[PDB]
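Here's the structure, in structure tokens; my notes come after.
Throughout, a chain's letter reflects where its sequence line sits, starting with A, and its residues are numbered from 1.
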Number of protein chains: 2
Amino acid sequence: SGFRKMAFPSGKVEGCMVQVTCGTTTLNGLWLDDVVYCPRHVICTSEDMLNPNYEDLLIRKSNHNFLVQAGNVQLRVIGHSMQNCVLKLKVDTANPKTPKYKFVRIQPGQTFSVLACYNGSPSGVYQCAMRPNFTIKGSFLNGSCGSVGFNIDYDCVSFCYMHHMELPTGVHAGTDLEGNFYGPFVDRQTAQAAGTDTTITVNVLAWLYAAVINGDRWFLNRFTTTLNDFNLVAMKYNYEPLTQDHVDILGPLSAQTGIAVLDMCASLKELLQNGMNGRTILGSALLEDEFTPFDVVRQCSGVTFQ
Amino acid sequence: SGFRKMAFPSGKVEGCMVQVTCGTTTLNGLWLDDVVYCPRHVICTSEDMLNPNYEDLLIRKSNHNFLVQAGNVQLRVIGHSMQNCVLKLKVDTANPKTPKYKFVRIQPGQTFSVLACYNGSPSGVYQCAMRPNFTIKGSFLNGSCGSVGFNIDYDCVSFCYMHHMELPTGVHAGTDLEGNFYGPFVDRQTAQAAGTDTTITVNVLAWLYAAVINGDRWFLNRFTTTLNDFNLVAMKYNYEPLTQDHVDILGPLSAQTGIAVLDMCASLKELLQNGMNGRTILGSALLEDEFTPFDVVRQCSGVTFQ
Ligand SMILES: *[C@](O)(C(=O)NC1CC1)[C@H](CCCC)NC(=O)[C@@H]1[C@@H]2[C@H](CN1C(=O)[C@@H](NC(=O)NC1(CS(=O)(=O)C(C)(C)C)CCCCC1)C(C)(C)C)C2(C)C
Ligand SMILES: *[C@](O)(C(=O)NC1CC1)[C@H](CCCC)NC(=O)[C@@H]1[C@@H]2[C@H](CN1C(=O)[C@@H](NC(=O)NC1(CS(=O)(=O)C(C)(C)C)CCCCC1)C(C)(C)C)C2(C)C
């Protein structure tokens with residue numbers, strides 16, 4: 001038993017991390033085959049971030065301006081190209097540790113593991129979720145740009161995030177591995193609007209099911225609620241609308257615990273209105289929304305990977 | 001910025017996990033050089049748990065009763081020996097991916113990363129701490145026995161834990177890599193006394209320093225205390241006696257934030273007596289004691305490893 005925030009094993013991603021330097025800016029790059037992916041704003045200076053012209057800046061840059069290192073052994077940049085907000089630094093050596101990689105663009109509510117790197121060296125791994133406002137609550141300092149988020153299907157590493165920048169609130173934003181930002185953000189140092197964050201309801205319900213499997217059962221009621229009456233209670237506390245598809249996704253968890261989704265909704269319908277009086281659920285005093293239904297099945301069935 | 005429970009990169013540990021099978025029992029083993037380490041109760045059946053005689057049980061077993069597989073490769077066992085509560089299976093092939101390993105026995109209050117494994121395959125990594133009662137709050141199912149805990153010291157992997165069994169309270173217990181259990185426990189299915197769990201005070205203080213660096217400063221008061229008055233409040237709510245040694249390690253955190261340790265103790269002093277009042281520090285409504293001051297320095301400075 002037990003329940004903790006689990007990140008995927010980072011072994012297959014550590015071998016793809018390199019150091020990328022352009023002038024005085026040093027950040028991380030993703031070395032897959034003979035291509036090195038990194039944030040395109042590595043070619044900028046201090047006052048270039050304020051209003052950059054990336055086309056004009058890349059043109060004044062040449063191949064010997066990019067310094068790519070993989071540990072002590074180096075790589076020679078052969079051809080630089082731009083794809084949206086990421087830089088394609090092609091090299092003369094193909095990565096022998098290239099795994100079965102995969103480029104995916106995730107939806108708000110899905111979780112992934114982040115391998116935080118500095119100077120091309122892995123520092124730590126942790127799990128987080130893409131918030132409904134297309135930001136992530138991660139842990140990043142200077143030098144962490146280029147760190148990637150990923151999942152493992154089985155042997156297929158699914159890259160889905162690359163860190164770019166930090167918001168004034170303290171959350172973080174980035175792109176997929178094709179250079180397209182998550183959200184309405186642009187890679188420019190200027191104040192931009194960020195949306196209001198909501199609570200992922202289908203994730204809170206999966207977390208409550210995890211609490212039932214582990215023994216926490218006090219939050220449970222005997223009543224039921226509609227699929228519409230619950231949405232009234234949800235949409236006040238800035239919770240996210242619950243659909244019929246979410247009920248079908250929670251099938252496995254509903255069948256193992258013998259508690260219908262609409263029954264667990266009635267338990268959640270009561271918790272949001274009254275509070276918790278000062279109790280705890282799974283060792284937490286707040287409701288957790290960073291566990292997808294699939295994350296709960298992994299921790300309560302032992303799903304392993306390559 | 002940011003702060004999340006962060007685990008060490010598990011790349012160097014994934015290549016050491018193998019599958020050990022003895023009869024019907026299949027669990028995980030640690031492959032370092034030409035030795036495989038696994039819990040000794042792999043030789044037990046279902047009836048042996050109540051009262052196992054490990055000497056008499058091991059004698060009835062031979063080298064060909066132990067089958068070890070590192071994925072698709074079979075490791076033929078040559079010599080089996082028993083050291084405390086772990087079994088050694090010397091195989092004919094040395095692990096070519098043997099990292100720079102190291103066997104350590106951690107103290108209560110220290111943290112480490114756990115690589116939960118099933119059938120010799122890594123399932124995920126998470127961070128936890130050794131509780132003062134020599135238990136850990138982990139996440140383990142059936143087949144997870146043999147999963148190891150570790151720290152990464154630059155280029156040296158420090159193995160410090162191997163999972164063995166689960167307690168009635170939902171917590172877990174195990175041994176070091178020499179076979180010596182953490183705590184008074186013995187590997188036998190029989191009611192066994194566990195100790196009262198206290199809160200690691202030096203970790204809560206370090207966690208409060210992390211909140212100050214990240215922006216959370218509402219809990220800072222204007223009082224101050226010595227080292228003895230705070231211990232009266234701490235020892236009632238089950239915290240560890242705060243010693244002068246704990247004040248000395250928190251230097252880097254106190255020097256960066258400009259807040260003395262005795263100053264943070266007064267702010268903590270009010271936090272135990274008056275509660276928090278539906279408030280959250282670092283996004284948590286409870287006080288966290290699973291972050292050593294070394295962990296906080298790591299996330300707030302950028303320590304990487306090999
Ligand atoms: C990353 O590139 C890196 O690690 N580089 C190596 C050299 C150290 C670096 C690190 C981010 C902090 C964790 N990322 C950046 O420098 C990017 C790029 C420049 C500025 N930033 C960035 O993160 C800004 N944040 C920022 O610009 N946020 C906004 C504007 S704001 O934050 O509202 C304000 C007007 C500055 C107050 C822009 C985009 C949307 C969010 C708001 C800070 C360095 C100030 C944190 C690029 C080109 C965007
Ligand atoms: C591990 O061997 C494994 O993963 N095997 C693979 C093949 C399935 C397995 C993991 C189980 C839970 C994570 N570990 C065990 O089976 C050990 C060994 C037998 C029994 N257990 C075990 O964990 C017991 N727990 C237990 O016995 N705890 C106590 C006694 S008790 O819990 O108070 C009670 C009287 C049984 C209620 C003894 C040890 C100290 C704590 C108390 C359970 C399977 C019941 C969880 C060994 C040989 C100890």
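- By the neighbour-count criterion of 12 heavy atoms within 6.0 Å, atom CD of A:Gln107 is sparsely surrounded, having that number or fewer from other residues, nucleotides or ligands.
- Between A:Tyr182 and A:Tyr161, the ring-plane angle classifies as parallel under the 30° and 60° cut-offs.
- Residues A:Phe219 and A:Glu270 are not in side-chain contact: their nearest non-hydrogen atoms beyond the backbone lie 4.5 Å or more apart.
- Between A:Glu290 and A:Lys137, no side-chain nitrogen of the basic residue sits less than 4.0 Å from a carboxylate oxygen of the acidic one, so the salt-bridge criterion is not met.
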Given the rule in the side-chain contact (heavy atoms from CB on, under 4.5 Å) test, do A:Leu268 and A:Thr225 qualify, once you have shown the distances and angles that lead to the verdict?
-> CA-CA 10 Å; A:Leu268 190 50; A:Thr225 297; over 6 Å; no
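- When all heavy atoms are compared, the tightest approach of A:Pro108 to A:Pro132 is CB-CA, 3.8 Å.
- The shortest heavy-atom contact between B:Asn203 and B:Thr292 is OD1-CA, 3.5 Å.
- Here the CE-OG distance, from B:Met162 to B:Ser147, works out to 9.0 Å after rounding to the nearest 0.5 Å.
- Between B:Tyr126 and A:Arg4, the closest heavy-atom pair is CD1-CD, 3.7 Å.
- A 4.5 Å side-chain heavy-atom check between A:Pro9 and B:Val125 finds every atom pair outside the cut-off.
- In this structure, the side chain of A:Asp153 does not engage the main chain of A:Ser158 through any donor-acceptor pair within 3.5 Å.
- Pairs engaging residues 169-178 of chain A under the side chain to side chain donor-acceptor pair (under 3.5 Å) rule: A:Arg105-A:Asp176, A:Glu166-A:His172 [sequence neighbours left out].
- Between the side chain of A:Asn238 and the backbone N or O of A:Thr198, no donor-acceptor pair lies under 3.5 Å.
- No side-chain donor-acceptor contact under 3.5 Å links A:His246 to the backbone of A:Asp248.
- When atom types are taken as modelled, the side chain of A:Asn214 and the backbone of B:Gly170 share no donor-acceptor pair closer than 3.5 angstrom.
- Checking each of B:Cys117, B:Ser121, B:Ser10 against B:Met17 for a side-chain contact (heavy atoms from CB on, under 4.5 Å) leaves exactly one that passes, namely B:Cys117.
- For the residue pair B:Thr135 and B:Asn133, a side-chain donor N or O sits within less than 3.5 Å of a side-chain acceptor on the partner.
- No close placement of the A:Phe159 and A:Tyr37 rings is indicated, their centers lying 6.0 Å or farther apart.
- A donor-acceptor pair shorter than 3.5 Å cannot be found between the side chains of A:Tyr239 and A:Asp289.
- Scanning all heavy atoms of the two residues, the minimum distance from B:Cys145 to B:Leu27 falls at O-CB, 3.3 Å.
- Here A:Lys5 contributes atom NZ and A:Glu288 contributes atom CD; the two are 4.0 Å apart, rounded to the nearest 0.5 Å.
- Taking 4.5 Å as the limit, every side-chain heavy atom of A:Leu32 sits out of range of all side-chain heavy atoms of A:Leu177.
- Between A:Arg40 and A:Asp187 there is a salt bridge, since at least one side-chain N of the basic residue sits less than 4.0 Å from a carboxylate O of the acidic one.
- Here the shortest heavy-atom pairing between A:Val296 and A:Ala206 reads CG2-O, 3.4 Å.
- By the 4.5 Å heavy-atom criterion applied to side chains, A:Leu89 and A:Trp31 are not counted as neighbours.
- Rounding to the nearest 0.5 Å gives a distance of 9.0 Å between CE of A:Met130 and CD of A:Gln110.
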Under the side-chain contact (heavy atoms from CB on, under 4.5 Å) rule, what do A:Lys12 and A:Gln306 come out as? Steps first, then yes or no, please.
-> CA-CA 9 Å; A:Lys12 305 183 193 94; A:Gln306 190 71 23; 3.6 Å; yes
Determine, stepwise, if the pair A:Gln83 / A:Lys88 fulfils side-chain hydrogen bond (donor to acceptor under 3.5 Å, both in side chains).
-> CA-CA 7 Å; A:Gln83 185 193 11; A:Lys88 277 198 197 306; 2.9 Å; yes
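- Not a single donor-acceptor pair under 3.5 Å links the side chain of A:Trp207 to the backbone N or O of A:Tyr209.
- You'll find the side chain of B:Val157 reaches within 4.5 Å of the side chain of B:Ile152, heavy atoms only.
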Go through the steps to decide whether B:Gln299 and B:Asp295 satisfy the test side-chain hydrogen bond (donor to acceptor under 3.5 Å, both in side chains), and finish with yes or no.
-> CA-CA 7 Å; B:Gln299 295 207 16; B:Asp295 297 328; over 6 Å; no
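- The main-chain N or O of A:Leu282 is found under 3.5 Å from a side-chain atom of A:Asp216 such that the two form a donor-acceptor pair.
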Take A:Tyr101 and A:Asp33 through the test side-chain contact (heavy atoms from CB on, under 4.5 Å) and record every step on the way to the result.
-> CA-CA 10 Å; A:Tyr101 71 90; A:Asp33 298 310; 3.2 Å; yes
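- One N or O on the side chain of A:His164 and one on the backbone of A:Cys85 form a donor-acceptor pair closer than 3.5 Å.
- By the 4.5 Å heavy-atom criterion applied to side chains, A:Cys265 and A:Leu205 are counted as neighbours.
- With values rounded to the nearest 0.5 angstrom, B:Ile136 atom CD1 is found 12.0 Å from B:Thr111 atom OG1.
- For the atom pair CG (A:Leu30) and OG1 (A:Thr98), the distance works out to 9.0 Å, reported to the nearest 0.5 Å.
- The main-chain N or O of A:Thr280 is found under 3.5 Å from a side-chain atom of A:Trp218 such that the two form a donor-acceptor pair.
- Inter-residue side-chain proximity for A:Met264 and A:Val212 is flagged as met; some heavy-atom pair is nearer than 4.5 Å.
- A donor-acceptor pair under 3.5 Å is absent between the side-chain atoms of A:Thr201 and the main chain of A:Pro241, judged by distance alone.
- The line from CG of A:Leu253 to CZ of A:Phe294 is 9.5 Å long, rounded to the nearest 0.5 Å.
- Considering every non-hydrogen atom in both A:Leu141 and B:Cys300, the closest pair reads CD1-C, 3.8 Å.
- Taking the six-membered ring where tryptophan is involved, the planes of B:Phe150 and B:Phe8 are tilted, since the angle between them lies from 30° to 60°.
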Apply the test side-chain hydrogen bond (donor to acceptor under 3.5 Å, both in side chains) to residues B:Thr21 and B:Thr26: give CA-CA distance (whole Å), side-chain angles for both, the deciding distance (0.1 Å), then the verdict.
-> CA-CA 4 Å; B:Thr21 300; B:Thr26 297; 3.0 Å; yes
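- Using a 4.5 Å heavy-atom threshold, the side chains of A:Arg131 and A:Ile200 count as touching.
- Not counting sequence neighbours, A:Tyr118 has no partner by the ring-ring contact (aromatic ring centres under 6.0 Å, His included) test.
- Without hydrogens or angle criteria, A:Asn28 side chain to A:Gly143 main chain gives a donor-acceptor distance under 3.5 Å.
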Could you give me the CA-CA distance, side-chain angles and deciding distance for B:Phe140 and A:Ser1, then say whether side-chain contact (heavy atoms from CB on, under 4.5 Å) is met?
-> CA-CA 5 Å; B:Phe140 295 111; A:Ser1 45; over 6 Å; no
